[PDB]
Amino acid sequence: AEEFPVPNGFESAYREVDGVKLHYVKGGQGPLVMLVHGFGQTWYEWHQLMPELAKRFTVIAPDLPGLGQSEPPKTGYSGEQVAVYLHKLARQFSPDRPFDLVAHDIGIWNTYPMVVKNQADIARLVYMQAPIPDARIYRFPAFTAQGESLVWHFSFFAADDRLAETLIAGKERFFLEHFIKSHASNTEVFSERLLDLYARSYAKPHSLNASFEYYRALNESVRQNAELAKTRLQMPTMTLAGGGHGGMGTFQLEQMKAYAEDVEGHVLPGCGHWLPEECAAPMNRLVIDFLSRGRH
């Protein structure tokens, strides 16, 4: 079965990578573009972009290990460990040319190490709506004069005693609706049907755990990145961020300037954290145009 509907002309398939069975949805023809989702979601967050992109590229959208229909990692959830699976998966499909990478939220955490360590393999890079794990994350406020802050959830999810799984189990749909809407500007785009689909997926016990294990490895990822970052990114890079409630604003581009020589950034007014859903048309356009400046 499928947790989410596959777009016309795409296929849902699996590949074993280092003994881990990864799920992905693939379509199109041309150079490879890998699209990597984040927390609370699956490959399906890219389902509106995929058909448009597939007109010019071969498009693959994996489920992160442990999430969607992918098996948990057998190594661990730190950025460097997860990035190995994503890198090898991409290379199975693009062994002879560099590929493009688009990542959202923790998709960034799970890809940055393989980008920096395999620069020749990455033609163009698009990063949206999450910090690269580094010392900057220790500066975000716990609480704001308006109420709950953007990343207090880092601590909630990283807490031990399986705090998050224990409190959220049985209330998965309730929690996810709250989390999504609290990080959104445009809540209307999240139908009760769409929320049902996402909630059922991440409520799988191994997926609920996997979700938070990414956060439990965050400090480790920060320490890993402290070494990796000595090497600057040289490929064309674009950042995108929402300017509305839930958005990273100018943070995304400003951080990326420290990592990349060649970067352009956009802040999208009226949009929060969930760019592919909240501001699908302009996000899609920017991504497509940016990637289409390379051979396709």
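Each residue number is its position in the shown sequence, starting from 1.
Selected stretch [higher average CA B-factor]: 167-175 or 212-220: Higher mean C-alpha B-factor: 167-175.
Practice task
Between 27-35 and 61-69, point out the one with the higher average CA B-factor as the PDB entry records it.
Solution key: The entry gives the higher C-alpha B-factor average to 27-35.
Exercise. Among the candidates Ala159, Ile122, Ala135, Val102, give the one with the maximum CA B-factor reported in the record.
Key: Among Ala159, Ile122, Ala135, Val102, the highest C-alpha B-factor in the entry belongs to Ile122.
Report task. Give the position of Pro205 by CA B-factor within its chain, expressed as the lowest, middle or highest third. Result -> It belongs to the middle third of the chain when residues are ordered by C-alpha B-factor.
Hey, what third does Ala241 fall into on Cα B-factor, ranked over its chain? Lowest third.
CA B-factor ranking of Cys271, expressed as a third of its chain = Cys271: CA B-factor falls in the lowest third of its chain.
| Where the record places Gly40 (Cα B-factor, split into thirds across the chain) | Its C-alpha B-factor belongs to the lowest third of this chain's values.
Thinking about Cα B factors across the chain, which third does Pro95 belong to? CA B-factor rank for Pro95: highest third.
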